[PDB]
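Before any comments, here is the structure.
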6 protein chains.
Amino acid sequence: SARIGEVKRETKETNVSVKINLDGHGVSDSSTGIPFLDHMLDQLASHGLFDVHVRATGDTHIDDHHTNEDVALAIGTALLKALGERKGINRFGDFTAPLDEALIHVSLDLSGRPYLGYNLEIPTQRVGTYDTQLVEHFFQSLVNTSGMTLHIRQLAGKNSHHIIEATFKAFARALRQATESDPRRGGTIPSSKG
Amino acid sequence: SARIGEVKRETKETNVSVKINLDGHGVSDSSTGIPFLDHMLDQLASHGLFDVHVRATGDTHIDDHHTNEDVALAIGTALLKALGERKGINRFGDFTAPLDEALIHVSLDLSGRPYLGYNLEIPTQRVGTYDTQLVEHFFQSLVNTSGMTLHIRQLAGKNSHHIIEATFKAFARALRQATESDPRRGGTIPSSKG
Amino acid sequence: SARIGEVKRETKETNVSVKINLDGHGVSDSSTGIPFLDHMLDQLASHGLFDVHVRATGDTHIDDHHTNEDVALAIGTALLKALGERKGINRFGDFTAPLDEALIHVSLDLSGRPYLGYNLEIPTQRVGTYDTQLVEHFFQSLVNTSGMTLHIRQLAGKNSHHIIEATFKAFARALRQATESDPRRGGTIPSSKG
Amino acid sequence: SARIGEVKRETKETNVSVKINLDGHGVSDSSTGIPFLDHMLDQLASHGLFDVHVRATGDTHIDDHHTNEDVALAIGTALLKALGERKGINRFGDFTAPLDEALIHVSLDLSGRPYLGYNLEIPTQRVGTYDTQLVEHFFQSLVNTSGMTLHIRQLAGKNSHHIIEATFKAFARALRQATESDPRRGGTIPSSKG
Amino acid sequence: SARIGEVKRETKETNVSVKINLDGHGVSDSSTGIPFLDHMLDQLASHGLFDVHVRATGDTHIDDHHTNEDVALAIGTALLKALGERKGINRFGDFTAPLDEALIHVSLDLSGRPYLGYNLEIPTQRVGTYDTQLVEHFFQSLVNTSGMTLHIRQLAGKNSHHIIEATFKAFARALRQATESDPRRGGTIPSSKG
Amino acid sequence: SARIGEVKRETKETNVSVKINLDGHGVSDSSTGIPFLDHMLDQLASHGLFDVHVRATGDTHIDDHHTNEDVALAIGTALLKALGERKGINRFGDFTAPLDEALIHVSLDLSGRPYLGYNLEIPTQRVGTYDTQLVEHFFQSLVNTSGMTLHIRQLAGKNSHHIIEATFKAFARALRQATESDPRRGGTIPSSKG
Ligand SMILES: O=P(O)(O)C[C@@H](O)Cn1cncn1
Ligand SMILES: O=P(O)(O)C[C@@H](O)Cn1cncn1
Ligand SMILES: O=P(O)(O)C[C@@H](O)Cn1cncn1
Ligand SMILES: O=P(O)(O)C[C@@H](O)Cn1cncn1
Ligand SMILES: O=P(O)(O)C[C@@H](O)Cn1cncn1
Ligand SMILES: O=P(O)(O)C[C@@H](O)Cn1cncn1
Ligand SMILES: [Cl-]
Ligand SMILES: [Cl-]
Ligand SMILES: [Mn+2]
Ligand SMILES: [Mn+2]
Ligand SMILES: [Mn+2]
Ligand SMILES: [Mn+2]
Ligand SMILES: [Mn+2]
Ligand SMILES: [Mn+2]
Ligand SMILES: [Mn+2]
Ligand SMILES: [Mn+2]
Ligand SMILES: [Mn+2]
Ligand SMILES: [Mn+2]
Ligand SMILES: [Mn+2]
Ligand SMILES: [Mn+2]
């Protein structure tokens, strides 16, 4: 059956609901209260073929920060839940995607060990109304609850929207690869330490 | 039938036996007299899905060097034997794998022309009892007898075990890709110069 | 009895009311017209255990500046009033608090001599709608009316919200320490010059 | 009652058992297969007043790495279990400890968000038989499973044993502080977002 | 009973008597023949809550040096005597104190091993009639006879009196902390090597 | 009569016994559990003409560190005991000794004030199994308990064994000089401050 993870979490800052299907058809259904983040989550669905359902509300009058963080945390947990014991999966993903002049490499390992390597240099402070510092925080928080090893490398880029969107496209494709079935490994856990 | 290469070689320094199945199921069976190298050869099996059988003894009281070298030479020859005329294969492999903070890119071409490009900077001299200079030598010797074009690029890393292990994981996945069947090329040799 | 200081002040720019209990239970009740500042004043209450009541209105259509300043001035005066002759208190506070990658050291002396040492480098201009230059001004104004010696040192940090919030947490804990009873000094003024 | 966390975990690499009492009397009972790490865990007990019980076996013929990592992971989980919802605790710890010429600052926040800031520069590769790269890895792994924000800063030091031991002493004292009861906060969760 | 240490020493250069109560009430009673040093010893009493009795005479027509040194040596011995086997004490102290623009960190360990780390840069040669080189010598000599590990770090400062006085305040508070009872350790020696 | 100092000390880390004759005939009798240190202590005897008896056991499975330190501490105390009031001695020693390309200057003053000046740069981490950081620690600890002013200056050298051994030879000769009778001073204490 399809691998589906669901998470609901609320604090005094935010209220978040996430549902992700690893074996999806790219159904895009994200409403975070942060329009730019919604557009990015749509790439995750369109290019990763995940079904992505997100609802969030929160204290955006203070900052988009808490909302952004809590969405990311919940997505990471949903990924973790959907994955289980990771039997039969590729485990590793590696993809470099452009968007015009931008070029972003993502490599990830569904390892159970959280790590973010990140070197983006986004040259403007706001893309629309979205604080561009929140991109790093989105990935960091997602890593922390998913237990993913994730490296994001900026190889080229100038336009902030292009840089960020190329990142989400590359991430989506790398994550799709990692989560997909390995046709040769016959349902074994992809690790020497099992 | 499965592509299997077997090599036995002895000198006054070492005695080595290798058997590799390119079309394996990740059977790990390596005993070199060098425990760290055994752990690395296990990644080769687990992530490359090669069946890897290695037995070696040698003059480890002098150095792990001769053993390490002769194991690598024999593995390269076994790969060469298993491959044959390389009909119908992908030929090229390209994969970047992390292990936590380490990130290693491997690109290879089963070209018949030996070349190693290598830029690892391993910041400690011994990982366990294993001399970290021997990593480069392992790949160089393997290249020399297999007739492989191999590039290994350190993109990130600090922990020596992480750097080396990520290298073996990336190599395993790139080699798996290169050795696998190309579903479109209908048993032709993947070269313009045939 | 509990040490409570109350201040009301109005100008043509702003209208401010503050009530602070040094011996509080962390009651958070701040409405400044500046949502980010409200969130920071909540840390002051939650981590310092002060009861913090603030109401402010003002010329935010011009700038948050005058409001921010006048709130800070009034808080400083309220602290001064609540403290009195400082009999029996610790006087000095010293605490370093993180928020994720940010790490902020605050040291203060309830000396009667105003001084601010401040080296924060906040890498974005707006956190939500809040002008990040106003952080320094908040502490400067508070120091000026409280007669506090205050040092704020950025030891690490990248995310602007993390940097600022860690500052308020560290400040809250240092101020709590300084204002609390010294169990050994038997109600004496903590100074050699009395 | 005393806050006690217990963890047993085994892999093909290691076998680990940990029991930690947050409200201990400094009972030191650590046997990891890594003598230097045992000595460090004794400081954790002696200076933190934790009761620390650790048993580990593993593939030390390969490297101390896997053992070191798996001990740290299990300690982090044990801390997490012992802490619960963190009601009534100080939450934050801050301590700088010397050992002769070495001087190490540790600041931590029991936040639920893993982060390690670390800048130690240990000038030798082996302290006894212990690979000094493994110090960073111990703290990283502990952070990852405990969900702790941890900063370790080398302020002075030359002797590798002094640097590492001062780190464990400072960490022990900061962790003791963070885990202890806050006498004023009346069993409330020490956070504004509850 | 109160922990009191007394020392009398005379040479052809100086004549010194010291009495220190670790469990004091901040009784200040210092007359060294060096007025600035008397003022500093008063901070030690006022902020450390030590009872400090010092009488010294000596060859101040030559230099304040011998007097300064012999006072410090005798204070260190008095501390050592008052401390004994150090049963049940905190052992470690850590405090950073300002005086206006000056900010001085002191960390110390009552270890039995003398060490001074010191980086003050006092920008004038005489504060009143007191040679500012003698500050370092005071702490060095005190360390040498007390068997204390002591680190003094200048974090900020310009005015020489402020720098020196902040040092004595920070030292007093760190020493108070280190010498005080640890409420949890039940009269045990605070060391793993007992 | 011959000036003989004897010290026995034990901790949970080590057990040490030392006997030194200042007026010896170079009797070498050192067994520390650290073979390289034994060889160095033999130079002390052979070139200083001290009779040197040392027995030590300790936690060398952790590190040679604690043993090395505790031997040095005990030697320093033994020197102090053997010396007494230092009547009639040279007090000062000054010698520069080579060992092949290495050249080491030692100057010392039996002053009653501990100080180590040390600038050795030993270019390898292990001489045999001996951690070369422990050389500095040996001299520091010896100074701390003997109350000696000691300067060690590397004037030339490349081979680590040569550097360290030349240091012990120079030290032995300087210490011999300092401890020997001054034929002119007629049993007076060699100080202006008696
Ligand atoms: O968990 P896996 O499958 O990546 C295998 C481990 O040996 C990895 N590793 C992590 N640190 C040192 N080695
Ligand atoms: O052998 P192949 O299939 O890579 C084809 C050759 O033309 C490659 N080549 C090597 N040197 C110059 N060209
Ligand atoms: O006011 P206090 O208690 O800090 C004591 C003063 O001597 C401080 N001081 C200020 N400038 C020079 N000394
Ligand atoms: O979780 P807590 O108690 O530290 C309160 C949060 O507002 C912290 N925070 C984290 N990112 C931005 N703010
Ligand atoms: O004496 P303590 O209590 O600090 C414990 C010792 O292990 C310290 N140490 C000193 N050098 C190497 N380790
Ligand atoms: O003890 P002695 O014999 O070296 C004589 C002293 O005057 C030395 N001294 C130390 N500090 C300033 N002078
Ligand atoms: Cl690249
Ligand atoms: Cl600092
Ligand atoms: Mn955050
Ligand atoms: Mn777009
Ligand atoms: Mn070779
Ligand atoms: Mn491994
Ligand atoms: Mn203004
Ligand atoms: Mn916040
Ligand atoms: Mn690891
Ligand atoms: Mn130790
Ligand atoms: Mn002097
Ligand atoms: Mn003053
Ligand atoms: Mn030591
Ligand atoms: Mn020799």
Side-chain angles (χ1 to χ4, degrees), chain A residues 85-97 103-120 139-140 142-144 146-156 170-171 173-178 180-194, chain B residues 2 21-30 35-36 38-52 93-107 153-159 161-163 165-177 179-181 183:
Chain A
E85 304 191 71
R86 290 177 298 163
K87 292 180 178 179
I89 69 171
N90 285 324
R91 175 179 165 183
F92 294 86
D94 171 19
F95 202 73
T96 300
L103 186 69
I104 309 295
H105 172 225
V106 174
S107 185
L108 68 88
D109 173 10
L110 301 174
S111 60
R113 299 180 290 264
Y115 179 80
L116 179 65
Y118 181 99
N119 76 353
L120 302 191
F139 289 107
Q140 183 71 66
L142 184 156
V143 149
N144 288 353
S146 66
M148 182 186 303
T149 308
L150 177 58
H151 289 254
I152 298 175
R153 305 193 301 122
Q154 182 166 323
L155 305 179
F171 174 75
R173 290 182 169 263
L175 189 62
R176 171 180 171 178
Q177 178 177 27
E180 277 172 344
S181 179
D182 180 331
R184 288 179 61 193
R185 86 172 310 117
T188 61
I189 293 164
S191 176
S192 59
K193 80 183 194 277
Chain B
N21 188 345
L22 304 183
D23 304 297
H25 299 88
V27 178
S28 183
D29 187 22
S30 295
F36 195 85
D38 296 342
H39 179 45
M40 293 307 97
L41 293 173
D42 291 347
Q43 307 310 308
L44 178 59
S46 289
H47 295 294
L49 294 182
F50 303 104
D51 300 339
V52 181
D94 171 19
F95 202 73
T96 300
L99 197 178
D100 297 357
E101 90 301 335
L103 186 69
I104 309 295
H105 172 225
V106 174
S107 185
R153 305 193 301 122
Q154 182 166 323
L155 305 179
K158 186 177 186 189
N159 180 282
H161 184 145
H162 293 176
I163 290 164
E165 189 178 322
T167 300
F168 275 84
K169 285 166 164 163
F171 174 75
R173 290 182 169 263
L175 189 62
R176 171 180 171 178
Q177 178 177 27
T179 62
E180 277 172 344
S181 179

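Chain identifiers are assigned alphabetically (A, B, ...) following the order of the sequence lines, protein sequences preceding nucleic acid strands; residue numbering begins at 1 within each chain. What's counted below: heavy atoms across the whole structure, side chains too, no hydrogens, waters or symmetry copies.
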Could you tell me which of B:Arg176, B:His39, B:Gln43 has the largest number of non-hydrogen atom pairs under 4.5 Å with chain A? B:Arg176

What I'd like to find out is whether the side chain of A:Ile104 reaches to under 4.5 Å of the side chain of A:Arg153, using heavy atoms alone. no

With respect to B:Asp94, which candidate in B:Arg173, B:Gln177, B:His105 satisfies the side chain to side chain donor-acceptor pair (under 3.5 Å) definition? B:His105

Counting only non-hydrogen atoms closer than 4.5 Å, does B:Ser28 touch chain A with its backbone (N, CA, C, O), its side chain (CB onward), both, or neither? neither

Counting heavy-atom pairs under 4.5 Å to chain B, which of A:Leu108, A:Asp109, A:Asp182 comes out on top? A:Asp182

Quick one: what part of B:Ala156 sits under 4.5 Å from any heavy atom of chain A, side chain, backbone, both or neither? side chain

Between B:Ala170 and chain A, with a heavy-atom cut-off of 4.5 Å, which part of the residue counts as in contact: side chain, backbone, both or neither? neither

According to the interplanar angle, ranging from 0 to 90°, do the rings of A:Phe92 and B:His47 count as parallel (below 30°), tilted (30 to 60°) or perpendicular (above 60°)? perpendicular

What's the verdict on side-chain contact (heavy atoms from CB on, under 4.5 Å) for A:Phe95 and A:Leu175, showing C-alpha distance, side-chain angles and the deciding distance? CA-CA 9 Å; A:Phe95 202 73; A:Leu175 189 62; over 6 Å; no

Whatever's closer than 4.5 Å to a heavy atom in chain A on B:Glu180 counts as side chain

Non-hydrogen atoms of chain B under 4.5 Å away: do they reach the side chain of A:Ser191, the backbone, both or neither? backbone

Nearest heavy-atom contact between B:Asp51 and B:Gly26 is OD1-N, 3.2 Å

Could you please spell out the steps behind the ring-ring contact (aromatic ring centres under 6.0 Å, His included) verdict for B:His161 and B:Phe36? CA-CA 9 Å; B:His161 184 145; B:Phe36 195 85; 5.1 Å; yes

